[PDB]
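K.L.:
Any chance you can model this:
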Amino acid sequence: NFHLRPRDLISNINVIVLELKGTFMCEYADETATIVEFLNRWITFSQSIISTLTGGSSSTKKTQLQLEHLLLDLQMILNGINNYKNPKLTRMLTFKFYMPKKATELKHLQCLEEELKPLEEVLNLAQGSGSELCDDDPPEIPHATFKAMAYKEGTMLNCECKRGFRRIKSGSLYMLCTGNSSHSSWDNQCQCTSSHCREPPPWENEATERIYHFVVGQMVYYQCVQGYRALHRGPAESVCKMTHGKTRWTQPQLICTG
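P.N.:
Numbers count the residues shown, from 1 in each chain. Sure, structure below:
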């Protein structure tokens with residue numbers, strides 16, 4: 001229950017950041033951070049600079065209130081990510097945000113200005129609705145993987161990259177399957193620089209796999225990896241069902257041995 005449209009709040013925050021920086025190229029660090037660590041640095045960045053109110057000059061008093069309103073809009077978002085958003089938050093901590101290597105001057109707000117688009121992206125997660133998302137990742141199986149065949153309207157794919165590669169500065173953090181009623185296709189696009197839907201085509205992808213987040217009613221298909229063998233038992237697939245509020249995964253019965 002976010003008492004404001006994600007697009008409007010970021011709109012306000014965006015202009016505030018601009019009215020403070022006046023165009024220094026941001027310098028990041030190598031360590032990515034969760035959306036919470038991300039907000040902590042800038043909330044701390046806010047309060048710190050406001051305290052550096054060296055002399056009550058009305059020129060800087062302007063800068064002071066400019067920060068407070070920014071600060072408030074930051075603390076508000078963060079306060080509304082840790083409460084009851086835990087169903088989604090647990091997977092919202094999977095997204096990769098980027099931190100400033102240094103943050104003591106107003107020219108460092110460029111670092112924050114860029115990450116505003118992937119921020120609003122995550123802000124819609126609990127607001128852009130309308131199917132529902134599954135609280136957990138599908139149950140991992142010893143020496144076995146899984147793969148959904150038909151993506152449903154709303155499934156997402158993290159824009160993770162290869163080693164040494166980051167997702168594009170000020171770029172979206174994931175893709176989304178738009179179902180509507182007529183057609184059915186994907187929306188966003190991933191990008192990596194250096195230091196009824198179907199499966200999307202690769203980029204300079206992640207040299208691991210693909211971090212997914214499924215909607216309810218989506219089924220993943222399990223099977224053993226090579227060198228191992230299943231004997232079926234029960235079902236070899238899991239479906240995300242929302243039973244009595246909470247969402248869960250129908251436990252598949254499938255085991256492989258060497």
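K.L.:
What segments of the protein are strands?
P.N.:
Listed in chain order, the strands found in the chain under DSSP state E are 144-148, 156-158, 165-167, 174-178, 185-186, 192-194, 212-213, 219-224, 229-230, 237-242, 247-249, 256-257.
K.L.:
Out of the ones you listed, the one nearest residue 37 is which?
P.N.:
Taking Cβ to Cβ as the criterion, residue 37 comes closest to strand 165-167 out of the strands of the chain, the separation being 15.9 Å. In this view, the C-beta of every residue, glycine as well, is placed from N, C-alpha and C.
K.L.:
possible to save the strands of the chain as JSON lines with mean neighbour count?
P.N.:
As requested, the strands of the chain are arranged in JSON lines below (neighbours: other Cβ atoms under 10 Å):
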{"stretch": "strand 144-148", "mean neighbour count": "16"}
{"stretch": "strand 156-158", "mean neighbour count": "21"}
{"stretch": "strand 165-167", "mean neighbour count": "21"}
{"stretch": "strand 174-178", "mean neighbour count": "19"}
{"stretch": "strand 185-186", "mean neighbour count": "15"}
{"stretch": "strand 192-194", "mean neighbour count": "13"}
{"stretch": "strand 212-213", "mean neighbour count": "20"}
{"stretch": "strand 219-224", "mean neighbour count": "18"}
{"stretch": "strand 229-230", "mean neighbour count": "14"}
{"stretch": "strand 237-242", "mean neighbour count": "18"}
{"stretch": "strand 247-249", "mean neighbour count": "18"}
{"stretch": "strand 256-257", "mean neighbour count": "14"}
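K.L.:
can you dump the C-alpha coordinates of stretch 28-38 into PDB?
P.N.:
Listed next in PDB are the C-alpha coordinates belonging to stretch 28-38 (Å, rounded to 0.1, in the frame of the first residue of the first chain):
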ATOM      1  CA  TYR A  28      31.300   4.100  -8.900                       C
ATOM      2  CA  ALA A  29      32.800   1.300  -6.900                       C
ATOM      3  CA  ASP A  30      33.300  -2.400  -7.800                       C
ATOM      4  CA  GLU A  31      30.900  -3.600  -5.100                       C
ATOM      5  CA  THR A  32      27.200  -3.600  -6.000                       C
ATOM      6  CA  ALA A  33      24.700  -3.200  -3.200                       C
ATOM      7  CA  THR A  34      21.100  -4.100  -2.400                       C
ATOM      8  CA  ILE A  35      18.400  -1.500  -2.800                       C
ATOM      9  CA  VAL A  36      18.500  -0.900   1.000                       C
ATOM     10  CA  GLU A  37      22.300  -0.400   1.200                       C
ATOM     11  CA  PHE A  38      21.800   1.800  -1.800                       C
END
